[PDB]
Visitor: 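Let me begin by handing over the structure; questions about it come next.
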There are 2 protein chains.
Amino acid sequence: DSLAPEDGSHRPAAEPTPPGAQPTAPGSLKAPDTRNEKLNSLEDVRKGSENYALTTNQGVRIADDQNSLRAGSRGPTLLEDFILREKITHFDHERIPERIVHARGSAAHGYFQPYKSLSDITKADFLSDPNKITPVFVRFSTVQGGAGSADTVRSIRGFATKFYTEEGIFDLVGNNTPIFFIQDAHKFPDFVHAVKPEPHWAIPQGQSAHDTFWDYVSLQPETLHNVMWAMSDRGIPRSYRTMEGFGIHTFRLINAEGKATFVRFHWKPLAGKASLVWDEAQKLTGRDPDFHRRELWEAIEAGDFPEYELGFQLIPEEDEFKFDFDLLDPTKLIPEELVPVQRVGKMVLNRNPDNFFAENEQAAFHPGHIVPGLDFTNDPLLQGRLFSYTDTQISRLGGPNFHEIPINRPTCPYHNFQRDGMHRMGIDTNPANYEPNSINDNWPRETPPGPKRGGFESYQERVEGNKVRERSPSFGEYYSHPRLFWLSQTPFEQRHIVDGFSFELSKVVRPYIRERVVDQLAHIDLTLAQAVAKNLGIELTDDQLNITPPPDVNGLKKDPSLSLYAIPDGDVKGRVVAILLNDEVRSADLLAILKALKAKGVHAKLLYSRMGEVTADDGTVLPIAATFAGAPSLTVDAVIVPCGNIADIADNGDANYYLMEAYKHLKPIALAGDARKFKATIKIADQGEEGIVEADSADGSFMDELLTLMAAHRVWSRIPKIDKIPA
Amino acid sequence: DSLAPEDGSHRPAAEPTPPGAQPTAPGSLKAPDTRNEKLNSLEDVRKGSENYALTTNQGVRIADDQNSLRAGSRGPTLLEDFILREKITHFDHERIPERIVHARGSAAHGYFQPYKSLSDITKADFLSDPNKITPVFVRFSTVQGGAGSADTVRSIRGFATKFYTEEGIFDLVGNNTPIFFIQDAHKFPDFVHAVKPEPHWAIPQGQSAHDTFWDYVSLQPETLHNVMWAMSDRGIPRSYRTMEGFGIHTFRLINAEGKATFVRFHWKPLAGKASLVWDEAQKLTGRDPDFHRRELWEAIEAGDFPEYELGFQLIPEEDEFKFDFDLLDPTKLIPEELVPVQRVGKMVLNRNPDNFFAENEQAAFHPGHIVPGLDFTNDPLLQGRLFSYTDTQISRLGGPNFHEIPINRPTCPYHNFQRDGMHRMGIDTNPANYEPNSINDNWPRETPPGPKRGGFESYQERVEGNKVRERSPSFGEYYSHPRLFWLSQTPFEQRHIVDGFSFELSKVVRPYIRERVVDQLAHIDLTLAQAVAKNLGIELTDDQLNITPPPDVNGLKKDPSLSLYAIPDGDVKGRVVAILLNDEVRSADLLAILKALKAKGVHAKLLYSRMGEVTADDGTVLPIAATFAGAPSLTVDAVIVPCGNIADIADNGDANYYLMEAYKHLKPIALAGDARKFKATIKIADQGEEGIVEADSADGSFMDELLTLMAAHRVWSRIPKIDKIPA
Ligand code: HEM
Ligand code: HEM
């Protein structure tokens, strides 16, 4: 019975459509022609559905899937009902342990390709040829919250990429800020317990704004650098497409001659950098907790494929000790003003998964998964990471055969003498399960290291020292990097940093914790320290006002690449506008609006005070995407109000509020014809104001003004005007 | 090191304190003297900390917990560092699968006591004497969301009680609505999959507002009854303390004479019934995803112990077929106007756990866990539940010995011949591990059924019919209960239901699903259906307008017990008021305000534009709990603005917004003296309006008027006035 509508509107068209135009769907159904070698190898396990009989897991067709088997229709359920018991058993056992950290994350498939061969600095096969494509799977995530926590919380973001290379899987497991909070892996559990929900009551979810986090931070000043990044707008990116990615650690590149070059990995978002503002981001955790997940998935369904440029910071082995910070300390960044990022390749994510659980939830990334041509360093954080990912995956994924879970399998050959383990898929036919063996003529065999297709050999780094549990003295500097970061931010970015700390610390119950954090800020920058103190009603002592600021980092008083916005990099393709309709829309305005949006690849969402349709003045029937309250201004990049019967919406509280919120959150607003009467709601200017586009009608000029504002992301100059507004 | 403040302010006092006054803490440190038998029996596994050396799990003291062992202070981490490896290993394996459903929950310890012996109707030992105290552990929960999802989502709530009786554990696993969505347990995986995040992209979290839910509901009209309850304000309770609880299924009570009586279990909230309004709930999911968890914990830390009355709907075996609905159908309620709830006992929750993971996360509740004196019925949803809880716990809790996890252990004796299994704690000394045996003289032995302390014997219900997979034809009625519920609601409740369906259907992307649900609403009630259809821009057809309304339920055209608010039952103790300060508060107003709240057990939170202190007009120093933006109006029940230097906050956007939000969400507001300048902000006439308390000062009847308003929970008369207002 219960079947599809006659018109076939239950099923999404298999072509790129704008967000909200069609029901989203499994990637292989939405984009059947989008392929890559990894995507294709997953076909052995894909399972369709159309035209097949419903069955048990043993293949027995089910006749009645609505009822348990009972002795009489009002009788007891019988134990012999094996259909019911398999069905309920499988349901009872759906859940697997979520990731210890980064449990909340969203992933997609794609491909990578280098711009040119890097064979002079590395023998890694995936970086050796500009026309040799490597399939990728990328998972972006938050850090602290559970798998069901919200996307747009304040947090560091993970950015993990699995490269299915010809010589093995390479996972580049990084974050959206260039440093981590702590120096040695031994303190990981300590840092993570402090930022996670407090042990007695398991509060708060997905947030650092609570006593144990600020306690830990105040007692461990090595965390201040990453805490500055987290409190800036870097902790609340607008989308996974508009954030940077970094491997943080110094790794090594090894070429065919055996030369080692120190390397730091970067991803540059080709959609530019952009973040939300705090109030918007926190409200968005309530209006749409899956905002980033949704936005990623929709951009891929729309053809706005997230694109990132892989880049390398390269430091010759002889310059190991030439900075004023240790290269092996993960709480220290390498300023691009000192070591520029060399462009290496492009990564495009062009296909969503079919099943979230099977591919996203069971994906396993590990910074230890390297290939010939790459090698580690002694960074003490990285070092302990090599132990942990392998270990956690044995319980998370139920045993040691997690490499056999479809998303995790290499697409290149894998042969060895490992056998058995829970849920073993691979049936080995080798007569031998050990080497050396003569009965299989010693196959599979070891392969010497060499220029290409060779066996892995570690770089022979010289090791000299006593066995000690000791932090390197060169790691003992905690304030100059925080200060460099502060000084490179724009004034409005600095304010947002002050506000992040003031908000967070105001949720710290124990007041001495607040004071101690303020004291640490005083070691970074007195202006910052005083601005946070003032918000906390704290007064800096005379001693605190005399703390000398830390030294510059190798002569640097600022580095503009550390700011999200000092260097313009705005891109409107893939952004979205809210269009507030009225019941007699002036079609001429809409037409002009939609044409200019379409030329720049900007999407639109048609909003009204009810769902269904409204008819424009020329008879055009406009389907309503959502209501004013149901898809808040939080979810769009700018707002446009066309003319028409404005009296229909002029007194609407949600419509008025829509604009006050957009205004407060510094988004571009454009008002045509009688829509300019809404200017009194956002109680400001009569001759106009930068950030508000206005005209008798929506024209070419009106739309260029709006699109230019959109390209600068937000109206920073409006900051001074928003704190009187009641929104 | 000795890191605590010398003042001792890192430590909350071990005495009842109001919410926000001190840092919250593990139950046994916060209320050491609050004991019960179960709480005392857990003392064997409680672990302290103070004054102990830091060790490995094997008892080896640790010297340096800040660093890994390496070959040189900048060298590689050594494999021999067993301290690092045990520490990271335990951390790496901290997580366990979350519950398949009801993963998000909050729990507490308490005790139960019956009002009088129920021996005439049940031989259940915990109900046989009013001086017999049974320890309980209760967990309240949402349904769909992960363990990290938000508290205040729209959803049914779970209400599970573990009774540690002298004759066994009895778990009463119910919800906050008297019926469930589906009739037979075979469809649980289908219903649950439909309500959970859609499989391709795992969106949306914690919400039924999406296509698959509404698709399922529109094809399975048996769900409408519970969908009505979920769409009403029942789905967004103000707190776990202000909601009702139900067992849902008909069970049996068996007395010593062998007589079976049918029973439905109810829990009445002694704090009264209270819910939020949708906008507030939704916004609260972002501002504080742990609002319910927090309120429960702080209520118990303040002495506002959540209290519930256990009540029984009793129906003689002879009346099984006397109703319009089948008693064994879980989608049907038993109208209290037909069968009154008989008061049975009182449950008081008076202590939080010590460790959320250990006690809450690992608690295992199961409706099949009954004791002599109770028995099941053939309700087909219940019948399948009896299989599921046992099964799911083998994987969630790691094996068949989950009854040995401290929180789950019986306080009464348990002895049998079961052995081994993962994580086996009990070391059995019985020479025999089988019965009958002669080698231990057959111990432990079976015990015949009897009036007290006898063995379990099922009631000998007659069974008759063929082995069939068949829904009873008596279950095929889907619309009269939904209609009864609808007609029992106040007019503002009906509107809220209409708004729930409207908002939810507005997030369904496929319009035909919205149409199909509207067609189903039209079989319940025309006014409901038309109002929802209008909100969706849908017109009912002439046939839909002529669908005949379903019959009354046994002559009833309404039952006021089904409404949250038709019959006042307001209780103010434990509610919280926001006090908006200024920098020279009339201290006379504040003294009047604070004393009056305290007299009724009403808590207060002093708010301002910054943290720190402000000084009242007489020099009283006032400590600030949070900012206007930091503890939004969503988290209080009422707002009071005292006189002083109102010009200080008159133009504060946040202060103004605070009132707008509280006014929009129907909360009582009280403005003293010059605080009445805020009337313009919320458009209050000069003459005033019901719901707004205003006077020249906070003396006389000012606090009595505000407290009368708090007792009625919200100002429903204000609904029409909020329609407009931009907030
Ligand atoms: C620079 C420092 C670090 C970065 C950039 C980082 C990044 C990440 C990312 C992006 C993920 C999620 C991968 C996914 O999407 O599945 C992750 C997970 C994880 N991280 Fe790291 N992390 C860092 C430090 C550490 C440390 C020091 C440890 C422990 C010694 C650690 C242990 C883990 C574990 C156990 C997981 C879960 C892996 C799984 O369950 O498969 N992380 N980390
Ligand atoms: C009258 C209908 C139902 C009610 C009132 C109900 C209530 C609940 C509650 C309150 C919980 C959470 C317990 C806790 O806090 O740990 C729960 C969990 C659960 N429910 Fe039920 N449920 C119902 C129907 C069902 C059905 C039909 C099934 C499957 C046949 C089912 C399977 C489960 C499972 C597997 C869990 C997780 C338990 C665990 O992991 O320990 N429920 N249910």
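These values consider heavy atoms only, across backbone and side chains, with no hydrogens, waters or symmetry-generated copies. The chains referred to below are lettered A, B, ... by the order of the sequence lines, with proteins before strands, and numbering in each begins at 1.
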Visitor: Pick from B/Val192, B/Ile538, B/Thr627: which one has the most heavy-atom pairs with chain A under 4.5 Å?
Guide: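 Going by pairs under 4.5 Å, I would pick B/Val192.
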Visitor: Any salt bridge between B/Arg70 and A/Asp184, counting N to O under 4.0 Å?
Guide: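 Yes.
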Visitor: So B/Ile203 and A/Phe356, side chain to side chain contact (heavy atoms under 4.5 Å, CB included) or not? Walk me through it.
Guide: CA-CA 10 Å; B/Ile203 291 182; A/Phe356 183 96; over 6 Å; no
Visitor: Is it the backbone or the side chain of A/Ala655 that comes under 4.5 Å from a heavy atom of chain B, or both, or neither?
Guide: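 When you check distances to chain B, no heavy atom of A/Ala655 falls under 4.5 Å.
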Visitor: Identify which part of A/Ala202 has an atom lying under 4.5 Å from any heavy atom of chain B, answering side chain, backbone, both or neither.
Guide: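 Interface part for A/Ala202: both.
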Visitor: Check whether A/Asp81 gets within reach of chain B through its side chain, its backbone, both or neither, counting any heavy atom under 4.5 Å.
Guide: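 Its backbone and side chain both get close to chain B.
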Visitor: If I compare all heavy atoms of B/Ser9 with all of A/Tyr512, which pair ends up nearest, and what's the gap?
Guide: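 That would be OG-CD2, 3.8 Å.
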Visitor: Given a strict heavy-atom distance threshold of 4.5 Å, which part of A/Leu284 is in contact with chain B: side chain, backbone, both, or neither?
Guide: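 For A/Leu284, there is no contact with chain B at all, as no heavy atom is under 4.5 Å.
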Visitor: What residue, out of B/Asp7, B/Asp326, B/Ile100, B/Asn656, has the most heavy-atom pairs lying under 4.5 Å from chain A?
Guide: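 Option with the greatest count: B/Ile100.
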Visitor: What part of A/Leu78 gets closer than 4.5 Å to chain B, counting heavy atoms only: side chain, backbone, both or neither?
Guide: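 Side chain of A/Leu78 only, per the 4.5 Å heavy-atom cut-off to chain B.
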Visitor: If we check side chain to side chain donor-acceptor pair (under 3.5 Å) with A/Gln66, which of these qualifies: B/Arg471, B/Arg469, B/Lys187?
Guide: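 Only one option passes, and that is B/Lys187.
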Visitor: Apply side chain to side chain contact (heavy atoms under 4.5 Å, CB included) to residues A/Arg610 and B/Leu536 and explain how you reach the verdict.
Guide: CA-CA 6 Å; A/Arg610 62 159 164 80; B/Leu536 300 177; over 6 Å; no
Visitor: What heavy-atom pair brings A/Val509 and B/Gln22 nearest, and what distance separates the two atoms?
Guide: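 So the minimum-distance heavy-atom pair works out to CG1-C, 4.0 Å.
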Visitor: The test is side chain to side chain contact (heavy atoms under 4.5 Å, CB included); show your working for B/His200 and A/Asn352 and say whether it passes.
Guide: CA-CA 9 Å; B/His200 58 298; A/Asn352 295 311; over 6 Å; no
Visitor: Does this structure show an ion pair linking A/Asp651 with B/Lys724, if we count only N-O contacts that are shorter than 4.0 Å?
Guide: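 B/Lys724 and A/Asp651: not salt-bridged.
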Visitor: Under a 3.5 Å threshold, yes or no: a donor from one side chain and an acceptor from the other, between B/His93 and A/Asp391?
Guide: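 Per modelled atom types, B/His93 and A/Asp391 side chains form a pair under 3.5 Å.
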Visitor: Quick check on A/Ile725 against chain B: is it the side chain, the backbone, both or neither that has a heavy atom closer than 4.5 Å?
Guide: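 For A/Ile725, backbone heavy atoms alone lie under 4.5 Å from chain B.
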Visitor: Please report the C-alpha distance between A/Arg514 and B/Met611 in whole Å, then the side-chain angles of each, then the deciding distance to 0.1 Å, and finally whether the side chain to side chain contact (heavy atoms under 4.5 Å, CB included) criterion is met.
Guide: CA-CA 10 Å; A/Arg514 304 185 204 144; B/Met611 295 297 292; 3.6 Å; yes
Visitor: At a 4.5 Å cut-off on heavy atoms, which part of B/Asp279 comes close to chain A: side chain, backbone, both, or neither?
Guide: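 Both backbone and side chain of B/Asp279 come within 4.5 Å of chain A.
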Visitor: Could you tell me which of A/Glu361, A/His10, A/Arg287, A/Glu98 has the largest number of non-hydrogen atom pairs under 4.5 Å with chain B?
Guide: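 Winner by heavy-atom pair count: A/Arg287.
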Visitor: Restricting to non-hydrogen atoms, name the atom on A/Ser474 and the atom on B/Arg74 that form the minimum distance, rounded to 0.1 Å.
Guide: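 Closest approach of A/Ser474 to B/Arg74, heavy atoms only: OG-CD, 4.4 Å.
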Visitor: Heavy atoms only: give me the nearest B/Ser388-A/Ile88 pair and the separation to one decimal.
Guide: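 Minimum heavy-atom contact is CB-CG2, 3.8 Å.
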Visitor: For the pair A/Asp92 and B/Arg396, find out whether any cationic side-chain nitrogen is under 4.0 Å from an anionic carboxylate oxygen.
Guide: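 B/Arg396 and A/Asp92: not salt-bridged.
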Visitor: Partners of B/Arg85 by salt bridge (charged side-chain N to carboxylate O under 4.0 Å, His left out), sequence neighbours excluded?
Guide: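 For B/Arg85, no residue satisfies salt bridge (charged side-chain N to carboxylate O under 4.0 Å, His left out) once neighbours in sequence are set aside.
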Visitor: Please work out which of the three classes, parallel, tilted or perpendicular, describes the rings of B/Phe188 and A/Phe91, given edges at 30° and 60°.
Guide: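 Correct class here is perpendicular.
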Visitor: Given heavy-atom pairs under 4.5 angstrom as the criterion, report whether the side chain, backbone, both or neither of A/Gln393 touches chain B.
Guide: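 Contact with chain B: none, neither part.
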Visitor: When rounded to the nearest 0.5 angstrom, what is the spacing between CG in A/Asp190 and CG in B/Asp65?
Guide: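 The CG atom of B/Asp65 is 5.5 Å from CG of A/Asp190, to the nearest 0.5 Å.
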Visitor: Answer yes or no: is there a side-chain heavy-atom contact under 4.5 Å between A/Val468 and B/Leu69?
Guide: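 No. Closest side-chain heavy atoms not under 4.5 Å.
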Visitor: Name the region of A/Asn466, side chain, backbone, both or neither, that has any atom closer than 4.5 Å to a heavy atom of chain B.
Guide: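 For A/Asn466, backbone heavy atoms alone lie under 4.5 Å from chain B.
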Visitor: For A/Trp201, does the six-membered ring have the charged nitrogen or CZ of B/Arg293 within the cation-pi criterion, i.e. under 6.0 angstrom from the centroid and within 45° of the normal?
Guide: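 The answer is no, since B/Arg293 fails at least one limit relative to A/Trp201.
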Visitor: Under a 4.5 Å heavy-atom cut-off, does chain B meet the side chain of A/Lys507, its backbone, both or neither?
Guide: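 Side chain only.
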Visitor: Where on A/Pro5 is there a heavy atom nearer than 4.5 Å to chain B: the side chain, the backbone, both, or neither?
Guide: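 When you check distances to chain B, atoms from both the backbone and side chain of A/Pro5 fall under 4.5 Å.
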Visitor: For B/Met660 versus A/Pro726, what's the shortest heavy-atom pair and its separation?
Guide: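 It is CE-O, 3.2 Å.
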Visitor: Kindly write out the residues that satisfy salt bridge (charged side-chain N to carboxylate O under 4.0 Å, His left out) with B/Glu470, not counting sequence neighbours, or none if the list is empty.
Guide: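 If we apply the salt bridge (charged side-chain N to carboxylate O under 4.0 Å, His left out) test to B/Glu470, skipping adjacent residues, there are no hits.
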Visitor: Looking at A/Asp290 and B/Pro204, what are the two nearest heavy atoms and their distance?
Guide: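 Scanning both residues completely, I find the closest heavy atoms to be OD2-CA, 3.3 Å.
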Visitor: At a heavy-atom separation under 4.5 Å, does A/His90 approach chain B through its side chain, its backbone, both, or neither?
Guide: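 For A/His90, no heavy atom lies under 4.5 Å from chain B.
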Visitor: Working to the nearest 0.5 angstrom, can you tell me the gap between B/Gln205 CD and A/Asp288 CG?
Guide: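 Nearest 0.5 Å value for the CD-CG distance: 11.5 Å.
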Visitor: Check whether B/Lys87 reaches the backbone of A/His186 with its side chain - one donor and one acceptor, N or O, closer than 3.5 Å.
Guide: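 Yes, the answer is positive, given that a donor and an acceptor are paired below the 3.5 Å cut-off.
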Visitor: What part of A/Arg510 lies closer than 4.5 angstrom to a heavy atom of chain B: side chain, backbone, both or neither?
Guide: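 The side chain, not the backbone.
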